[PDB]
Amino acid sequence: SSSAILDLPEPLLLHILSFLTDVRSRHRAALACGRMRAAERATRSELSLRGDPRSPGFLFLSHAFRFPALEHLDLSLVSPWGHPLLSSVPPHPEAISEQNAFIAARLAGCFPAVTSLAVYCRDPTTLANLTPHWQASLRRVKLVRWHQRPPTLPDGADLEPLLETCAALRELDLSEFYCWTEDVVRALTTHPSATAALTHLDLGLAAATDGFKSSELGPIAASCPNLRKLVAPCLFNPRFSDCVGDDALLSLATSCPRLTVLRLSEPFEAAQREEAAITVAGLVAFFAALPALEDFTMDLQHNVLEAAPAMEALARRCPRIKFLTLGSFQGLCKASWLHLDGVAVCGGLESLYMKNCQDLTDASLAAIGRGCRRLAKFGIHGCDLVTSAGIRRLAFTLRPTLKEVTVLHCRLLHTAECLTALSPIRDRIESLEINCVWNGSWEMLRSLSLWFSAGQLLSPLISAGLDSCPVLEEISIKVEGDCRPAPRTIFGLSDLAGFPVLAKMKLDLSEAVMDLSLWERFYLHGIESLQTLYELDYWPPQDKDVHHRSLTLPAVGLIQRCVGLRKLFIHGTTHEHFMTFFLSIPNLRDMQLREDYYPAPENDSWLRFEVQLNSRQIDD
């Protein structure tokens, strides 16, 4: 007779809808009936805004488009992608100001309770126009800018509007925000009232920096006594006297004694045997000063020699250490003595990633297996002494807990032998990352990441060991090298057709190098044979000279036949004339050109395609 779900007290229907996290499902639920629409709108916790909020279509939506509980608002993907949003800079000063105030007021109308904001941010007047409505509640701000820093702005001006007005601010995410290190130093050292309260800081700066110097990191830390999480790229090259050494690390630890997450990395060019200015004794003193540390990354190109006693200190002084990533630390585990040594002493480790440890052996892995009995995730990168015998033993010892494995650029670990060596956890492994080197199901494998050299084929992967993957839902494929093959030779994407639930693909050719057309054809051929492919992220290759990364016509022709695609994101550009071809994908909904690499092209028609895309009667 009646509906039991609709006979529930409305607060319980809301409680049900609060557990539905898949967006498409939330949208379908809102279409079921009036009562579920109301429950969906009332409980949505996050939203990534799609389209142009400057348009009449957005500004004159009804009172019913209202999300009272929404906490996370992502504005960084509004159309046109990467354009200034609510900027005061002329591209009549009172007409701009009035239209900006109206858009901001409407955003606050739709999203009253925002505590977390992501925004594409071309200049600081964007922030000055968005903050006043949410300044009481705004706890977390993420800034995105792949474009150039506007040359005329004073030092620190990008961050000023946040620091002057947002008293609830605790977390600042600049991982994908291109600015200068000087900007960060100037802002964060001259705003003590904002800065004293910060708990989280990501300073990635779109990975387009040589790294923070000692004279920059010292003052930032000094101004941020409350930091719990710091992610930063640093200058570690001892040829520069302002590099980060023992003294700078110790200043960091004593200025930020509450740190639980600390991830420091050295940015590198391809154009490495020299030692860092970091010593074992220095790290011992450093770990002693960080008793609350749980998550530690130090990913260097420069070497820290004989690192075992520092790892022993880490275990003693940081008893809650769980997640550990180390790059160019040598002698992490020698397995040369009766007692367990180095990293094998850290009993609490739940993840361990070791890069460029040149004396890590099979004996080291055996020791790590016994010492680190909680290891759920394990990775080696550029560890050239490790053999399949070592991997096999490790996988066997860690059978109760080991769920994620990464093996990359290890000379004695070719793909066939590596996949065979993982046989003890083949039924349990959930995630695998490997680079492919050429000469009974993967029952729990949900996620697969592959690295290739240019021109290398994918096909041999199936017979090398990955032929049955019944729950594999996502694959990431990255191609490195210089492109600058027989004409019926193809990469072999269609050999992934035997995977029954493969829905999501990342195909990244950005570093793979007319001629580019034939390469796109080589890589994309057979993509239509992936019958359950639902979401594609495609990064076209760079041409050495030109600023754009073009999706060529052969690539368009190939992607067009992917009948199941719901979501298509192209990390580059294509001709306007190629756009209509994508409309013939019957249920395609989300499509965007995202030039999210530095420096992003300054764009001088997408909006009309976007209306064509929204006008089709696609499935709900």
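We number the residues from 1 along the sequence you see.
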Is there a break between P91 and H92, and how many deposited residues does it span: none, 1 to 3, 4 to 9, or 10 or more? 10 or more
Deposited residues absent from the coordinates between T152 and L153, none, 1 to 3, 4 to 9, or 10 or more? none
Ranked by mean Cα B-factor in the entry, 56-64 and 561-569, top stretch is 56-64
So 201-209 or 233-241, which one's hotter by mean CA B-factor in the entry? 233-241
Of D295, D482, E433, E430, which one's C-alpha B factor is largest in the deposited record? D482
Which has the highest CA B-factor per the PDB entry: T189, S193, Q272, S76? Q272
Looking at the entry's B-factor column for C-alpha atoms only, identify whether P267 ranks in the lowest, middle or highest third of its chain. highest
Of the three thirds of Cα B-factor ranks in this chain, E576 occupies the highest
For the chain shown, is the CA B-factor of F323 in the lowest, middle or highest third of its modelled residues? lowest
Comparing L553 with the other modelled residues of its chain, is its CA B-factor in the lowest, middle or highest third? highest
Check where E176 lands among this chain's C-alpha B-factors and tell me if it's the lowest, middle or highest third. lowest
